[PDB]
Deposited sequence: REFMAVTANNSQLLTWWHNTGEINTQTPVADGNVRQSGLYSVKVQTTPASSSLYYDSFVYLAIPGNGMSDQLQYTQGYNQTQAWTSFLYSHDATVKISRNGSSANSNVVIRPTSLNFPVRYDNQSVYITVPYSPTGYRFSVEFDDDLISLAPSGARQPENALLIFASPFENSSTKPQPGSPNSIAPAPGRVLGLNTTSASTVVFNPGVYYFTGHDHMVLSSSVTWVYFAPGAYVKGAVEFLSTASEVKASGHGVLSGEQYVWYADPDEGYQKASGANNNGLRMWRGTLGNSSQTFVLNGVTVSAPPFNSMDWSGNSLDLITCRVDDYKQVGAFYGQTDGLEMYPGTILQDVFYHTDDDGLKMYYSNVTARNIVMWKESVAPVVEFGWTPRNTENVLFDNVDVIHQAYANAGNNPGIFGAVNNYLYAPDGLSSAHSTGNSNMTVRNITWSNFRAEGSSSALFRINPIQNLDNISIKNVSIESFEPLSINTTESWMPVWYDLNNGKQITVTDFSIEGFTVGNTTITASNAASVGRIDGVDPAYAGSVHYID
């Protein structure tokens, strides 16, 4: 076996010669964990060469069996492949040894079969696609929900070619290109651009990619696999991470604290290593994040340093988070003004963190694991306004109990304190929030579980479809919204103009009269019953 990879104007695929098939221990430092189950090839249409595409594999604990306690305890693994394209292509999947379902199910790609292979015709789109290929005979039941999911997931990331804004042109100035292996000196380099060409790089579990203050761009080539985590020291007007390679946190222990020797943090200090971190002075910065796959975060995926987060905005496109089997593996922060689109999230904690104003997020595919809501706007009261989240397909959920804080639209209790609902702020308001075209495939948690820790005004749910609910038994499916009060003066928190439209469960539209019985919306406090409107 030697692989043949495409590199033409229509298709680009890649391989790694240090691929290691391994499902229980850490791979060698210079090796890349490879699926032993799935083999993928790609061929531009029409059908008259098939080129090999590397199938990466992430596993719970990353081979560190002593870290499995910090996962949900399932035996699921997650394989994925990426390729670049500019024309319709056929993806050919073979198994080392049944019909498939493609999620999101709205995609409707043609699927064909022969003796030993599955063929998926992926049409070209300028924003690409991110999807799951789910073999019927590989599905298992995840207790206690009974959610039916791949034991061995295969994710397909078809992306458009890289242009001069996401790939440094050849002959680019002041660029450094580290050689494969241990990467050193990037924290003190005078380069402005760091280029990771195809190959394997690592920082070990006791270091990370601290980028010097002159670095404004890190590029992960397709075929580059980097073991590490990114921290920009530059306070410049733009910092950029781009390219279609992988940044993998697999060498870090869960909750690794870079200020305590990268050992597991002492007592939940929230100083766990982020996959993306940046630094602000007293002027504006834009974080551009494009193309990259992040795998196996040891903690929250991202946070910027400083106490002046209005100065940061994000522009995120064609980005993936995979193999996030650990707890507290949050999605990105979306700072004020952020535009985020065409993203894949595997997450076992808060997915879409609606913490900041003037944000637009669209075309998101989410594999929610077992903890935290899809959308989060609790923890701390905020002034937050003018948000659109549109076209979010939650292709799986696997909650277990109420303590997981389940739900599509959630705002959990106040973090500084957890009588129960009396630490709100009546002086703060969340306004003009639109959540539109959400799909929950398979069994789902509740539509919403919202603590109004500050006032709510003009919140619109428009088109949300739930295929089915998780069992009543596990207390994850009833929606609620209890009355809250102000911390200092006991003034009641208000909820105003909260509308629900186009909400279905199965093929049944939810109205005022069946909201409780069919939609399981049975916990709206009487104080807010007049503020919640069913348009139908």
Which parts of the deposited sequence lack C-alpha coordinates? 1-2, 51-52, 102-105, 427-431
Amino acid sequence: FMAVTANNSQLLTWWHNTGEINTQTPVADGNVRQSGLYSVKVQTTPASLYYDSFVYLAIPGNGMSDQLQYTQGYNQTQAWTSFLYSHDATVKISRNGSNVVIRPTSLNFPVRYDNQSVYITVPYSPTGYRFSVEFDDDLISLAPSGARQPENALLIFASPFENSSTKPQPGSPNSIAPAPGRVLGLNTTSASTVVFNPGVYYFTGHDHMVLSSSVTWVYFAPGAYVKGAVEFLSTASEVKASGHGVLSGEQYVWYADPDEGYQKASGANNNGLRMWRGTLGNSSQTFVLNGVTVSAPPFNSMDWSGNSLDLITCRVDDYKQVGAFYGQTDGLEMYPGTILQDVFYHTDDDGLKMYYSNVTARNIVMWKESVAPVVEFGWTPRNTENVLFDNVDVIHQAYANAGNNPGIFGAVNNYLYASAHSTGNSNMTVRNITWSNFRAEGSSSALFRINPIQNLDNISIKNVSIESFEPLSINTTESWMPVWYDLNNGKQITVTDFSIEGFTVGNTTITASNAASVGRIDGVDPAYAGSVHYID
From here on, numbers count along this sequence of modelled residues.
Per the entry, where is the mean C-alpha temperature factor higher: 299-307 or 131-139? 299-307
Hey, which bit's got the bigger mean C-alpha B factor in the entry, 240-248 or 118-126? 118-126
Residue of maximum C-alpha B factor among 370, 444, 188, 329, per deposited coordinates: 188
According to the Cα B-factor stored in this entry, which of the following is highest: 405, 90, 290, 454? 90
With respect to C-alpha B-factor, does residue 338 fall in the lowest, middle or highest third of the chain as deposited? lowest
Lowest, middle or highest third - CA B-factor, residue 26: middle
By the recorded C-alpha temperature factor, relative to the other modelled residues in its chain, which third is residue 63 in? middle
Considering every modelled residue of the chain and its Cα B-factor in the PDB entry, is residue 396 in the lowest, middle or highest third? lowest
Comparing against every modelled residue in the chain, figure out the third that the C-alpha B-factor of residue 317 lands in (lowest, middle or highest). lowest
